[PDB]
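Trainee: Here it is, the structure, as C-alpha cells.
Each reported figure results from applying straightforward, stated rules to the coordinates on display, with no laboratory input. Methodologically, a virtual Cβ is constructed for each residue, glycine included, from the backbone with ideal geometry; neighbour enumeration extends over all protein chains shown.
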Amino acid sequence: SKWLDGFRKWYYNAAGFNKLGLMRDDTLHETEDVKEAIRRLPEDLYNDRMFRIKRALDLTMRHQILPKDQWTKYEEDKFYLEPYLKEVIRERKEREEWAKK
Amino acid sequence: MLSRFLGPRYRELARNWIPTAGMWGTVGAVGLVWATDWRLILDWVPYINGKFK
Amino acid sequence: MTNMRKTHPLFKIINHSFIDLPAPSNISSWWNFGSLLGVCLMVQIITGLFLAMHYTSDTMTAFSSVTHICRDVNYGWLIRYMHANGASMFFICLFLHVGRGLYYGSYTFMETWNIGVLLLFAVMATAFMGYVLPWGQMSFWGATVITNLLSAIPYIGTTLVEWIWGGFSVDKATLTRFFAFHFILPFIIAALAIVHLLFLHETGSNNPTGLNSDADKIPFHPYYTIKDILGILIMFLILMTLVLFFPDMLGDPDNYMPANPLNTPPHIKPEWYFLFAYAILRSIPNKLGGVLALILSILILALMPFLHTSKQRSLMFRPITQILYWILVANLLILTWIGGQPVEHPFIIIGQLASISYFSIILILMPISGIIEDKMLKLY
Amino acid sequence: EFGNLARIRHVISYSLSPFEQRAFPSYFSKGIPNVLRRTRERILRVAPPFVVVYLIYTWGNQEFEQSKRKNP
Amino acid sequence: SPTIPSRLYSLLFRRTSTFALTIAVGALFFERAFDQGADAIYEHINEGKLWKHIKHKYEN
Amino acid sequence: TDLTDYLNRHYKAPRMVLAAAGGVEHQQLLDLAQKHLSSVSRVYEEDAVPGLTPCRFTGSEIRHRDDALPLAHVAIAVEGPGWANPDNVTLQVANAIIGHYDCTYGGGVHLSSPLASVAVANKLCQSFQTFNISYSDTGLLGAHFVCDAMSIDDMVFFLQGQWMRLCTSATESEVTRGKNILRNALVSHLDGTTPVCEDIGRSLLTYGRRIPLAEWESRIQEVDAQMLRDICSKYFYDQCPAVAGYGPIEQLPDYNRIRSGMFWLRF
Ligand SMILES: CCCCCCCCCCCCCCCCCC(=O)OC[C@H](COP(=O)(O)OCCN)OC(=O)CCCCCCCCCCCCCCCCC
Ligand code: HEM
Ligand code: HEM
C-alpha cells in the first residue's frame, strides 16, 4: 500500500545520491547493456546525464552536497534509461536464445 | 664542438648562461660541503663550526 | 625541437604512468594507500639490504648476529626496528587497501584483483619466513606449527613438509633456505606489482561514487603527487613514532630468547596479521578442514568478483550492504582478538561463530542484500 | 589519453589561480559543520558494529577472569 | 618600501638557482640551530640523569 | 531615457577629437569645426564626476567544453603595462620575435619564428597570433591559437618555451629582426587616409598627443637584447596568466601546469 511507498521514499532519502543532484538511472554501473543504452540516448538527455555526473563528482571531491532545496525529489525522478535498457536486454536475450539453439 | 658552435650567437648565449651555471655550481658546492660535512670549509664560518662539523 | 617528456622511449612510461595519467578528481585519501604500500615495499627492501649486511643465517650465529646488529652496528637497532615495524605498517596499509577495494567495488577489475591476491599471498609468505629468520623461540615454534598444519595434508603432506624442512625438523637448512626465499620474494612482488599497475593503467582507476569518471579527470601531477607526498609523510610519522617511542608494543617478548627445541612456550601464536587466519584455523575441529578453510578464506576474497549481484558498483548508495560490510570488518577485528587467545572458555564458541559469520557474510548475505536493494529501488 | 576520454557539450568551468586565493578560506567555520554533517551521515552505519564487538570483548574478558576462580 | 616577502621574492625566490642556494644555506643554518635547540630541550627534560651531567664526580 | 542619459554624460568636448587626414587644410577644418561644433553642452549637468578607476587583473581560467566544434581556440595572456608605458614598444618587438602563423602561409619550414617552424614541422596548429591589447594603465599581452584537440597541450608547451626564451636567451639577431619587422609594420600600417585618421584620433585620446613617426623610430632603436629580456622577465616570467578555451579543450591542461610553464627550473 502507501506504507511501502513511504518506506521506499525513506530509503531513497537514505541512499544519498539525490543529495548530489543525481537520479536513480545515473547510478547504474555501466556494463555493455548500459553502454548501449547510453549510446541510444537522445543528445539532450545525454548532455543532462553528463552534467549531472560531472556535478556529482565535483561535489564528492569537495565532500559537500547540494542544499536541501536542490536535492532530487522522489516525485519527479524520471526513469529515462528504462525503455532503452529494456529493449537492449530484450535484443540480447533474443541473440542468446538464437545462439543456444 | 667541431664547427657549428663556432659562432657569435653561441658565444653570446654562453655569456648569457655564465651566471646561471655559476649559481648552479655554487649550489652544488654548498650542497656537497653540507652533505659530506667537510671540515676544511666549515672551519671558517661564524656559526656552524661550534659543533666542529 | 620536440617534447622530451612524451617522445623519449624511457620517459614515455613515466609520463604515461605518474605525470600525465588521467585520474578521477574525487578520489579520497584511501586512494593514497596503495601508493604508500609501494613506498613501504621499497622501504622494507632498503632496510632489509642493510639487515642482510650483518646477519648470518646459521643457528649458532643467528640470534647473536641479531644482537650484534642491535648493539654494535651503528644505528643497527634503528634499521632493524624500522624493518619490523614497517612490516607491520605494510600489513596495515595492505588491509586498508583491500578494504578500499572491497567497499568501493574495485574488484570488478578482475585481472587486477586476482593479480593483487597473488601479491597478497606472496607478501604473507615473505613476512612469515622473515619472522622465522631471527631464530627466537616464537620464530622456531611458529615455523613448527605452520609446517605441522601443512603436514596435515593426506598422502603428500608428509613428503612436502620434509622437503620444505630439508630434514626431520626445523634446523639450519630450513633457516638458510628461508633466508634465501625471504631475500628473493620481494623482487617477485615488485615485478608482480609492475604487472598490477600495468593492468590498472590499461583499465583505468575507480572513483568512490562508482560512476564513470571520464567527465572530470585531472593529471596525476601535480595533484596526486603532492597528495601522495603528504600521505608518505603521515605514514613516516606513524612509522617513526612506532620505531622511536614504542618499539615492542607489537613485538613478541618470547622472541627475545634463543631458540630451544627442548622448551616449548606456554602460548604459541603468530604475529597480528596472521591472527584472524589462525582463529579461523583453530575453530574447525579438523586439521585438513582447517587448512582448507584458511586457503578458501583467502580464495573467497579472490572469488568476491563473482558474487556481485547489484547494479550499483560502489557501496556509497547501498546502506544495507554498508551495514553488512561493517559487521564483516568488526568480525575480522573479533577474529584478530580471538587468534591471540588460548583455546579456553568462551573463545572456542566465539571463534566458531565468528568464522561462520565471516563466511556467511562474504558468501551468502552480501548478494542477498544486493538483490534486496535491487528490488527495493525498483531496479528489476 | 586526454582529448578522447569522453564527450561533454555546453559546460563552462571557472577556476582561480592558487596565488590569488586563500589556502584555508574559512577553515574552521565551514569545516566543523561539514565534519559533523558527514559524522551524522555515517555513524549510524559505522559505529554499532564496533559497539557490539566492544561488548563481546568485555564479556569475553569477564568470563575468562571469572572462569579461573576457585569456587566451586 | 614594500613588504619583506615582496623583496624576499624579488631578490631570493625569483630565480630558481638562487632559490636552491638559499634552500641550501637555510638548510645548514637550520640544521645547526635545530640541533642546538633539540639538545637544549632534551637536556632540560633530564637533569641529573645523563652521563654529561655526572662526568665530574668520576672523571677527575 | 538611459540612452539620453548616456549621451548627456559621455558626449562632451573634453572627451572628443575631430581628426582629419588627406587633402584637408587645418584652417578650413578649424573654421568648419568652429562653425558647427561650437555648442556641445560640455557642462556637467548632473554635477557628478565620471572617473576611470583602475581594473584588477585576475589570474584565472575559463573553459567552455563543447566537443561538437571542429577546432579549439585557446588564448593565454598576462597583464599589459598600459597605453602610456614605453615598455610596450619593447613588448611589440617581443611579439615580432614570436610572430604569427596561418595554415595558408606560403613560407613553410623556413620561417624565422621557431614556434611557427615547429608548428608547421609537427603539423600542430591551424593558426596562432600574438597580441598586445592596451587600456588605461592595463592590458592583455599574450597569444591566441586555433588547433585540433590532439595537438593542444604540445602547442602550449612550445608557446611557453618561446616566452621563456625571450626571458632568458634573447640574442641580438632576432632582436634586430623584430626591430625591422616592427619598423615595417608600424610604418606600412599608416598607408592611407583612414589608418592615419584612426592613429590621430586614438593617439590624441590615449597619449594626449600625436606621437611622430621619428619618435617611434628613436624608441625602437634603443631596444637591444638586454632590455628586451629584462622587460620580458618583468612581464612574462613567473606570472599568473589568464586562459580562455573554447571547443574540444580536454587535452588543454589544468591551470597548475600552465602556471608551472611560466618559469624554468634550469634558470
Ligand atoms: C536517530 C539519531 C539519534 C541521536 C541524534 C544525534 C544524531 C545521530 C545521527 C542521526 C542520523 C540521522 C539519519 C541520517 C543517516 C542515514 C540513515 C541511517 O543511518 O539510518 C539508521 C540506519 C537505518 O538503516 P538504513 O541503512 O538507513 O536502511 C535499512 C533498511 N531499513 O540504522 C542502522 O544502520 C542501524 C544498524 C544496527 C546494526 C546492529 C547490528 C547487531 C548485530 C551485530 C553483530 C556483530 C558482531 C557479530 C559477531 C559474531 C561472532 C561473535
Ligand atoms: C628483499 C628485501 C628484504 C630483505 C633483504 C629482508 C631481509 C631480512 C632480514 C635479514 C631479516 C632478519 C633481521 C632481523 O629481523 O633481525 C628480516 C626480518 C624480517 N623481515 Fe625482511 N627482508 C626483506 C623484505 C621484507 C618484506 C617485504 C617484509 C614484509 C613486509 C619483511 C618482513 C620481515 C619481518 C616481519 C621480519 C622479522 C623482524 C623481526 O625480527 O621481528 N621483509 N628481513
Ligand atoms: C602488495 C602490495 C600492493 C601494492 C604495492 C599495490 C599497489 C597499488 C597501486 C599503486 C594502486 C594504484 C593506486 C590506488 O588507486 O590505490 C593499486 C590499486 C589497486 N589495487 Fe593494489 N597494491 C597492492 C595490493 C593489492 C591487493 C592485495 C589487491 C587485491 C585485493 C589490490 C587490488 C587493487 C585494486 C582493485 C586497485 C584499484 C583500486 C582503484 O584504483 O580504484 N592491490 N594498487
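Trainee: Mind checking which residues of segment C:134-166 are at positive phi and out of contact with any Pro (no Cβ under 9 Å at 6 or more places or on another chain)?
Mentor: Scanning segment C:134-166 gives C:155, C:166.
Trainee: Continuing with the same structure: Report, by residue number, each residue of segment C:102-133 that is within 14 Å of chain A (Cβ to nearest Cβ), within 8 Å of ligand 3 (Cβ to nearest atom) and hydroxyl-bearing (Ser, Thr, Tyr). Talk me through it step by step, then tell me what you get.
Mentor: Let us first name the residues in segment C:102-133 that are within 14 Å of chain A (Cβ to nearest Cβ), namely C:104-110.
Of the ones still in play, those that are also within 8 Å of ligand 3 (Cβ to nearest atom) are C:104, C:106-107, C:109.
Scanning segment C:102-133 gives C:104, C:106, C:107.
Trainee: Considering only segment F:174-183, I want to know if a residue exists there that is under 29 Å from residue F:15 (Cβ atoms) and crowded, with 16+ Cβ neighbours inside 10 Å.
Mentor: No; the residues of segment F:174-183 include none that is under 29 Å from residue F:15 (Cβ atoms) and crowded, with 16+ Cβ neighbours inside 10 Å.
Trainee: Being in contact (Cβ under 8 Å) with a residue 40 or more places away in the chain and at the interface with chain C (Cβ under 8 Å from one of its Cβ atoms) is the filter here, so list the residues in segment A:23-66 that pass it. Even if it seems obvious, please write down each step before you answer.
Mentor: Going residue by residue through segment A:23-66, those that are in contact (Cβ under 8 Å) with a residue 40 or more places away in the chain are A:23-25, A:28, A:33-34, A:36-38, A:40-41, A:60, A:65-66.
Within segment A:23-66, A:24, A:28, A:60 meet the criteria.
Trainee: Looking at segment D:29-48, is at least one residue within 9 Å of another protein chain (Cβ to nearest Cβ), in contact with an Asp or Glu (Cβ under 8 Å, 6 or more places away or on another chain) and more than 10 Å from ligand 1 (Cβ to nearest atom)?
Mentor: No, that holds for no residue.
Trainee: So, in segment F:35-44, exactly how many residues are exposed (fewer than 11 other Cβ atoms within 10 Å of the Cβ) and either charged (D, E, K, R) or within 13 Å of chain D (Cβ to nearest Cβ) (or both)?
Mentor: 1
Trainee: On to the next question. Does residue D:69 satisfy the condition of being more than 9 Å from every other protein chain (Cβ to nearest Cβ) and farther than 30 Å from residue A:53 by Cα? Please lay out each step first, then the result.
Mentor: Numbers: more than 9 Å from every other protein chain (Cβ to nearest Cβ): yes; farther than 30 Å from residue A:53 by Cα: yes.
The answer is yes for residue D:69.
Trainee: Of the residues in segment C:71-95, how many are assigned to a helix (DSSP H, G or I) and either near ligand 2 (Cβ under 8 Å from one of its atoms) or touching a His at 6+ places or on another chain (Cβ under 8 Å) (or both)?
Mentor: Adding up the residues that qualify gives 9.
Trainee: Which of the residues spanning segment C:1-43 are without any contact (Cβ under 8 Å) to a residue 24 or more places away in the chain, among the hydrophobic types (A, V, I, L, M, F, W, C), within 14 Å of another protein chain (Cβ to nearest Cβ) and in a loop (DSSP other than H, G, I, E, B)?
Mentor: C:1
Trainee: In segment C:272-355, which helices (runs of 4 or more DSSP H) lie fully inside it and hold 3 or more residues that are within 11 Å of another protein chain (Cβ to nearest Cβ)?
Mentor: Output list reads C:319-339.
Residue-wise test of (1) within 24 Å of residue C:35 (Cβ to Cβ); (2) of a type outside the set (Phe, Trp, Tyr); (3) within 16 Å of ligand 2 (Cβ to nearest atom).
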site: C:179; (1), (2), (3): no, no, yes
site: C:183; (1), (2), (3): no, no, yes
site: C:225; (1), (2), (3): yes, yes, no
site: C:231; (1), (2), (3): yes, yes, no
site: C:242; (1), (2), (3): yes, yes, yes
site: C:259; (1), (2), (3): no, yes, yes
site: C:267; (1), (2), (3): no, yes, no
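Trainee: Now a separate question. So which of C:99, C:105 ends up being more than 15 Å from ligand 2 (Cβ to nearest atom) and on the phi > 0 side of the Ramachandran plot?
Mentor: Result: C:105 is the single residue among C:99, C:105 that is more than 15 Å from ligand 2 (Cβ to nearest atom) and on the phi > 0 side of the Ramachandran plot.
Trainee: Might you check whether a residue that is near ligand 2 (Cβ under 9 Å from one of its atoms), surrounded by fewer than 17 Cβ atoms within 10 Å (Cβ to Cβ) and either charged (D, E, K, R) or assigned to a helix (DSSP H, G or I) (or both) occurs anywhere in segment C:49-61?
Mentor: yes
Trainee: Still on this structure, I have one more. Of all the residues that make up segment C:323-357, how many are touching a residue at least 12 places away in the same chain (Cβ under 8 Å) and under 17 Å from residue C:103 (Cα atoms)?
Mentor: Summing the residues that are touching a residue at least 12 places away in the same chain (Cβ under 8 Å) and under 17 Å from residue C:103 (Cα atoms) in segment C:323-357 gives 7.
For (1) under 23 Å from residue F:207 (Cβ atoms); (2) more than 14 Å from chain D (Cβ to nearest Cβ), each residue gets a yes or a no:
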residue	(1), (2)
F:49	yes, yes
F:61	no, no
F:71	no, no
F:84	yes, yes
F:92	yes, yes
F:97	no, yes
F:101	no, yes
F:114	no, yes
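Trainee: A further question follows. Being aromatic (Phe, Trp, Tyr), part of a loop (DSSP other than H, G, I, E, B) and surrounded by 13 or more Cβ atoms within 10 Å (Cβ to Cβ) is the filter here, so list the residues in segment A:58-101 that pass it.
Mentor: Selection gives A:71, A:74, A:80.
Trainee: Only one of these conditions is not met by residue F:81: (1) in a strand (DSSP E or B); (2) in contact with a helix residue (DSSP H, G or I) (Cβ under 6 Å, 6 or more places away or on another chain); (3) within 27 Å of residue F:228 (Cα to Cα). Which number is it?
Mentor: (1)
Trainee: Report, by residue number, each residue of segment E:18-45 that is surrounded by 10 or more Cβ atoms within 10 Å (Cβ to Cβ), over 14 Å from the mean Cα position of the chain (by Cα) and more than 17 Å from residue B:24 (Cβ to Cβ).
Mentor: E:42, E:43, listed by residue number.
Residue-by-condition table, conditions (1) more than 16 Å from ligand 2 (Cβ to nearest atom); (2) exposed (fewer than 14 other Cβ atoms within 10 Å of the Cβ); (3) touching a residue at least 40 places away in the same chain (Cβ under 8 Å); (4) more than 30 Å from residue C:340 (Cβ to Cβ):
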{"site": "D:18", "(1), (2), (3), (4)": "yes, yes, no, yes"}
{"site": "D:28", "(1), (2), (3), (4)": "yes, yes, no, yes"}
{"site": "D:38", "(1), (2), (3), (4)": "yes, yes, no, yes"}
{"site": "D:46", "(1), (2), (3), (4)": "yes, no, no, no"}
{"site": "D:54", "(1), (2), (3), (4)": "yes, yes, no, no"}
{"site": "D:66", "(1), (2), (3), (4)": "yes, yes, no, no"}
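Trainee: Take segment C:195-221 and flag every residue that is away from chain D (no Cβ under 14 Å), more than 10 Å from ligand 3 (Cβ to nearest atom) and within 21 Å of residue C:12 (Cβ to Cβ).
Mentor: C:195, C:198, listed by residue number.
Trainee: Give all pairs with beta carbons closer than 9 Å in which a residue from segment F:69-83 that is without any contact (Cβ under 8 Å) to a residue 60 or more places away in the chain meets a residue that is in a strand (DSSP E or B) and among the hydroxyl-bearing types (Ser, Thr, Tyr); count only pairs at least 6 apart in sequence or on separate chains.
Mentor: F:82/F:134; F:82/F:135; F:82/F:138
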